């Protein structure tokens, strides 16, 4: 006997799977009972979530709008076309000069799809070094030669670094490397770089060594959409990105590519990039993701989002100024985007130690490498998540006070117990000073609203 559709197919989640429903409720509480400062995280809208969780997940639409393998894509084509036309207008792109593919399952697939389109296997790539604030998908191998990233497995990568004293990108060392290594593709953008990017200088370097210029604006896509940072579309041939970070959308990827006549002969990125996504690398697109993304791109083009992105920068600046006013060191001594990079080596601490104690106070940050590392000696702190909950400068200055108290309690424990990780941990068990900070954090966290779900109806406190 088969179960009727009503029993298995229409019954709500809370009845079909109590375990998963209960676990999702605890995650919802965890997301609003603490302080989330992961620079790559955000809280998306309930409207995006509704499109994400819809019947759009049932449709196979292999191919592109108007050129699908299967029939019955009358509305999938309208949703995708709306999504890519919104993607272009959200970043103020003329359709005669720019095209976009909104089918990458995520940012990492978007980057590897861009590589396949414009490069052959073992072609040379240059990207920002991980320790300097770069990303894996830009190329990464260890000191022993172990090719960690797939970019360094199927292509030959070589990283350019920041100045080992100022923390800024060494554009003179970048040009020197690009002329020796002769990369076929140069990647700009990063995950923990607290300054803006000189895309015009990257263009001069790229032109000098005959390389294509790609920008991975994943972290700052929201700021780019609101024109709160430099636009890579003015100088790069290809722009890839995620959509779930500062853009505040679903987990997905996009690949922007130049179209039309080349500057002082027509660009031919469109077909290569479309073909790389499908049929080369990916199968059917996740239409529910594309529907949710179309919602996020319309929200990203609204005046409220421009104020949000402007607030994100002001909150990261206010947090950084508050930390430096307490004697703490920041890489480059400030920020021009959504995050600050906090150098903890001058304090005799490591990123892990501060990250672990902050997690025990429901303050979510991540240990991060700082220029001149040897054991990451810094923490990366981002503003988008809490800014999406309505926090402004005064609230972020209160976040700096919590971080101030967190590192102060981290030093007192290291002083009492030692600089040995094993010795350090012994000072966190039953520590009543942490529990008073955890409580001030939760109470401060619970004074703000939360997008995506209604707190009034959530199952846990």
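Numbering follows the first chain given and starts at 1.
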> Count of coordinate-less deposited residues separating residue 374 and residue 375, as none, 1 to 3, 4 to 9, or 10 or more?
Replying inline: 1 to 3
>> I'd like to know the size of any gap between residue 264 and residue 265, counted in deposited residues with no coordinates: none, 1 to 3, 4 to 9, or 10 or more.
In response: 4 to 9
> Looking at the deposited entry, does 424-432 or 29-37 carry the larger mean Cα B-factor?
Replying inline: 424-432
> Quick one: higher average CA temperature factor, 235-243 or 134-142?
Replying inline: 134-142
> Among 221, 227, 149, 282, where is the Cα temperature factor highest, going by the PDB entry?
Replying inline: 227
>> Among the modelled residues of this chain, does the Cα B factor of residue 352 put it in the lowest, middle or highest third?
In response: highest
> Thinking about Cα B factors across the chain, which third does residue 248 belong to?
Replying inline: middle
> C-alpha B factor of residue 269, ranked within the chain: lowest, middle or highest third?
Replying inline: highest
>> Taking only the Cα B-factors deposited for this chain, tell me whether residue 366 sits in the lowest, middle or highest third.
In response: highest
> Sorting the chain's CA B-factors, does residue 45 end up in the lowest, middle or highest third?
Replying inline: lowest
